[PDB]
Amino acid sequence: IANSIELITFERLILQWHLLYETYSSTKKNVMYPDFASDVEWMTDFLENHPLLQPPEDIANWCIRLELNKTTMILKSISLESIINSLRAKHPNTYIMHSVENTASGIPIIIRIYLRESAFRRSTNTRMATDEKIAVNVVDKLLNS
Amino acid sequence: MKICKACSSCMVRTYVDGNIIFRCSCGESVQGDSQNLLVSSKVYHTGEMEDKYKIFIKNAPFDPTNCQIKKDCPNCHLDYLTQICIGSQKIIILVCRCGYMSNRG
Amino acid sequence: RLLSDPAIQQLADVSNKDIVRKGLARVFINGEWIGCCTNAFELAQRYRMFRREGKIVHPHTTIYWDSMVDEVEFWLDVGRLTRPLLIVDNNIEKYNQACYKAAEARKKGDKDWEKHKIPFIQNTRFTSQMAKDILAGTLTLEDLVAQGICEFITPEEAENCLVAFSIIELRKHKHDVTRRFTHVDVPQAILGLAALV
Amino acid sequence: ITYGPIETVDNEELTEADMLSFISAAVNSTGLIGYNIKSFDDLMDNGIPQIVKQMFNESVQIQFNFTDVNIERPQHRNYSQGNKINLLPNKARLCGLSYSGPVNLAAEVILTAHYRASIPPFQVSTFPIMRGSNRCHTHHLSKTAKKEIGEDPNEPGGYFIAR
Amino acid sequence: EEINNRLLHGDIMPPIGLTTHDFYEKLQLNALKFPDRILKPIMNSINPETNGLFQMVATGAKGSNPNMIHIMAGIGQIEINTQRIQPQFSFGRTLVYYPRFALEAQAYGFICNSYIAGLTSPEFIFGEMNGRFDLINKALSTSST
Amino acid sequence: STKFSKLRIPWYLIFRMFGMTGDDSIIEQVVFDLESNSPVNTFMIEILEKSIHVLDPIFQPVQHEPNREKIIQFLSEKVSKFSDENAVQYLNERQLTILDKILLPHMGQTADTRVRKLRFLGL
Ligand SMILES: [Zn+2]
Ligand SMILES: [Zn+2]
């Protein structure tokens with residue numbers, strides 16, 4: 001029970017996060033960061049595996065690429081499915097993508113979260129604010145989920 | 001650090017129309033290559049930087065106030081080797097004047 | 001003297017890129033960055049030897065070598081607390097030479113390498129005769145400092161000193177290559193007159 | 001300077017009582033109370049000229065420079081109608097007069113005419129003098145001479161007498 | 001020394017939520033605590049009937065058992081804020097008398113002597129730190145109260 | 001000092017006044033290397049960018065000015081609260097001289113040492 005009740009935030013389930021400023025289209029090839037180019041492979045697999053989950057037409061061109069820490073997942077007994085479900089429930093504006101949940105050694109788990117224009121509806125939500133500040137705020141909210 | 005060609009000043013990244021454009025106080029805007037897509041980043045397992053102690057470990061054999069140990073040196077065959085305990089992880093590194101370093105150095 | 005010294009390189013000659021890449025060491029005097037040096041430890045040791053001789057460098061000048069950063073600092077301002085400390089000498093060079101000779105002997109397979117090695121010895125030049133002379137008034141701290149027996153140490157330089165708190169400690173680790181001491185401290189030195197009452 | 005081999009140093013018959021001799025020598029060399037008189041002496045000699053020099057300086061212009069400034073010994077004034085007397089600390093305490101000394105100021109002034117004063121050595125005022133310093137008469141005074149002066153020979157000095 | 005030897009070989013594996021340094025410090029603090037058996041020799045060298053100090057301590061008139069153990073049979077480990085002597089002198093040093101990253105207990109405030117036996121310079125210095133801390137805390141508490 | 005008291009002057013302004021022209025060289029004075037890819041260098045360069053781009057509430061008009069003369073003018077306006085070509089030159093030279101006197105006096109007291117001072121400042 002003590003383990004169950006203790007708060008586990010998303011921030012502690014990742015090794016690194018990169019704000020890439022990229023767009024993904026199921027039919028249109030888009031520019032991608034070089035060192036993260038190979039990512040494309042697993043993304044394709046995800047698209048093949050989940051017919052229902054496909055990129056929306058609302059993508060805002062901002063991407064958050066997260067590397068998950070398998071050791072922490074095993075220690076805390078958190079499955080990737082639970083993380084994805086909770087992230088989607090808490091944050092509906094974002095579009096979630098993940099690699100295979102095999103967790104085999106040598107194949108890190110990568111999660112790509114693409115913002116939608118819903119998060120950018122009124123960039124001047126209170127006062128004139130740029131898109132990248134809004135993206136940073138979304139990242140901060142995501143990590144504290 | 002994008003540097004304007006006309007002036008050696010920094011360019012801001014506008015992030016307009018999906019393409020990075022480097023604006024300067026004098027104008028002279030420049031397009032952005034795909035290597036410039038990354039907005040920001042953060043790696044949580046920072047630990048202790050290697051440059052954090054690079055110089056200190058380099059100078060450790062010559063520092064009188066450092067602890068010694070009676071283990072032999074594989075390279076130069078000296079009875080004593082300087083022992084350095086660094087980091088909250090308490091990493092023990094054995095070094096010598098000849099250049100031997102137990103930390104894969 | 002430092003500017004004329006070959007090791008010291010004037011700021012104009014050196015380049016920030018050279019400093020960062022070639023691993024040069026900044027040299028300061030009273031906080032003024034006068035130049036750069038290739039090896040901080042060698043320069044600090046050489047000027048410490050000069051101070052021990054007492055001709056090139058005044059005995060009351062602080063020489064500090066930082067290891068986390070390669071800077072070397074010389075201080076000569078007022079307000080520096082200073083205290084005399086007996087110098088500890090050793091035969092580490094001879095010990096290293098004997099160790100290398102023993103390693104070569106092992107390589108040759110003769111198996112007398114154990115005989116080649118010599119014991120390590122660290123001691124202080126202070127003797128009972130010097131104590132008797134001091135009590136008789138013949139010898140003074142100036143005479144000791146003129147010789148190599150003792151030298152003045154400041155809190156800045158004390159960061160580079162490993163001090164045995166008493167001669168008993170030095171004798172205990174006399175043949176311990178693991179505990180090479182730089183100085184010996186008389187215990188009563190850690191107390192004032194009122195406390196010593 | 002080459003030193004004798006450390007292996008030949010014979011000090012095994014050394015005891016903490018013997019090591020107390022080093023403390024005795026250190027205290028004798030430095031002294032119980034020091035560097036207050038020394039700090040004052042460097043002030044008086046070099047620092048005062050140093051600071052006054054640091055304070056150099058239809059538009060008539062007259063700057064003020066202090067190239068030369070000479071302090072003097074106490075020189076008790078108006079004693080028996082006498083400008084100069086060998087003011088002794090005991091007299092300063094008993095009478096209550098400050099144990100200070102005249103300060104003479106002589107220099108030259110720059111002359112500028114955009115659109116200079118000549119001063120002989122004069123005593124602007126007197127400056128407090130620490131007892132036991134070079135200016136004080138007690139310096140270079142024997143203990144019997146200290147008693148003849150009236151000061152306690154055992155006193156180490158280093159305190160001003162004023163008010 | 002056994003704990004230190006474990007440290008050299010890297011055997012110390014701290015538990016969850018504790019760094020290696022913190023676990024090592026806790027282990028060293030626990031290992032250096034005096035046993036109750038320390039009172040056996042003390043009670044063997046004193047006659048309760050004719051011992052003024054013991055009669056004063058036991059009857060509650062003055063003193064305490066720790067005072068007796070410090071006067072005779074050793075002061076033991078010095079603790080400040082339930083912590084050993086932290087390396088304030090320099091990076092990895094606690095005093096000018098010990099090397100950088102010293103491993104012996106004596107370098108961090110362990111006193112093997114008693115007040116009657118006599119304290120060496122480092123032991124006296126550590127005791128001085130502890131006593132001055134007690135005084136400073138008392139003054140601060142008085143002011144705040 | 002009495003002059004420039006309670007004035008929070010951005011560092012790159014100080015660098016530009018004394019002779020530094022390019023931002024690349026200004027960042028070099030602090031990092032000592034732009035080619036190096038050590039994490040310390042990258043993090044420091046990021047901080048220095050953030051300091052360059054941020055706009056100080058005072059010195060904002062002068063912030064982006066390429067001419068150091070104009071920078072010395074803005075500073076002189078701030079301190080002053082306490083032929084023109086010769087007047088601009090005279091006032092700018094005097095202000096630069098007084099800053100050379102009050103900025104790192106131990107490093108030097110003459111304009112010749114200005115570059116050295118800059119290096120030290122960067123350090
Ligand atoms: Zn430009
Ligand atoms: Zn070696």
Side-chain angles (χ1 to χ4, degrees), chain B residues 1-16 20-33 36 56-64 66-84 92-105, chain C residues 39 41-42 67 90-107 113 116-118 120 177-178 180, chain E residues 8, chain F residues 10 12-13 15-16 20-28 34 45 48-55 60-71:
Chain B
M1 260 270 297
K2 255 301 209 295
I3 286 300
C4 189
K5 309 326 315 323
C7 55
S8 295
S9 147
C10 312
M11 332 204 89
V12 191
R13 265 195 305 201
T14 36
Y15 290 129
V16 290
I20 282 81
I21 291 170
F22 295 102
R23 180 129 288 103
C24 190
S25 36
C26 64
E28 282 50 10
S29 65
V30 182
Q31 275 287 109
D33 90 4
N36 282 119
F56 175 64
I57 301 171
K58 172 197 116 193
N59 293 301
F62 307 83
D63 193 4
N66 269 96
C67 215
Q68 312 289 299
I69 215 164
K70 206 52 169 53
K71 288 190 29 44
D72 275 45
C73 187
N75 298 9
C76 84
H77 310 298
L78 260 183
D79 297 38
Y80 59 100
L81 272 206
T82 301
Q83 159 213 318
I84 323 164
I92 302 282
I93 304 172
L94 297 152
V95 308
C96 193
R97 331 185 50 108
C98 63
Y100 164 63
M101 176 168 0
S102 178
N103 196 240
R104 207 179 181 180
Chain C
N39 216 331
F41 167 70
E42 269 69 358
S67 301
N90 58 0
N91 68 346
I92 192 66
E93 316 103 5
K94 282 190 185 39
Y95 186 82
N96 289 352
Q97 294 309 295
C99 269
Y100 300 141
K101 183 180 298 267
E104 185 304 337
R106 192 197 256 302
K107 261 71 164 300
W113 64 286
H116 295 73
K117 292 197 294 186
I118 71 176
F120 173 71
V177 79
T178 307
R180 286 117 74 188
Chain E
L8 294 191
Chain F
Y12 51 90
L13 270 289
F15 269 66
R16 290 182 157 117
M20 279 282 105
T21 85
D23 290 7
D24 53 346
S25 68
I26 287 172
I27 302 306
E28 154 148 359
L34 286 105
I45 287 171
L48 297 168
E49 295 242 22
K50 267 268 310 196
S51 78
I52 290 283
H53 292 172
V54 55
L55 65 182
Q60 177 175 355
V62 62
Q63 175 176 357
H64 303 299
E65 286 310 347
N67 319 351
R68 136 242 226 107
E69 277 233 293
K70 216 172 313 314
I71 299 171

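Convention: sequence-line order gives letters A, B, ...; per-chain numbering from 1. One-based numbering, in listed order, for ligands and for the atoms of each.
Considering only heavy atoms from C-beta on, F/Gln63 comes within 4.5 Å of F/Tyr12 through its side chain. At least one side-chain heavy atom of B/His77 sits under 4.5 Å from a side-chain heavy atom of C/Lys107. The shortest distance between side-chain heavy atoms of B/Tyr15 and B/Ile20 falls below 4.5 Å. Counting heavy atoms from C-beta outward, B/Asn103 and B/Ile84 have side chains that stay 4.5 Å or more apart.
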Stepwise salt bridge (charged side-chain N to carboxylate O under 4.0 Å, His left out) check, F/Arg16 with F/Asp23: CA-CA 9 Å; F/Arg16 290 182 157 117; F/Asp23 290 7; 2.5 Å; yes
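Applying the salt bridge (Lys or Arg N to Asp or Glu O under 4.0 Å) test to B/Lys70 and every residue at least two apart in sequence or in another chain returns B/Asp79. Residues passing the ring-ring contact (aromatic ring centres under 6.0 Å, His included) test with B/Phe62, sequence neighbours excluded: C/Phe41.
For the pair C/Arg180 and B/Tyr80, the cation-pi test (distance below 6.0 Å, angle within 45°) is passed.
Only protein N, O or S atoms were considered, and those under 2.8 Å from the Zn ion (ligand 2) are B/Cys73 SG, B/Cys76 SG, B/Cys96 SG, B/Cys98 SG. Residue-and-atom listing of protein N/O/S atoms under 2.8 Å from the Zn ion (ligand 1), sorted by chain and number: B/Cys4 SG, B/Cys7 SG, B/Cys24 SG, B/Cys26 SG.
Side-chain atoms of B/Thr14 come within 3.5 Å of backbone N or O of B/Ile21 as a donor-acceptor pair.
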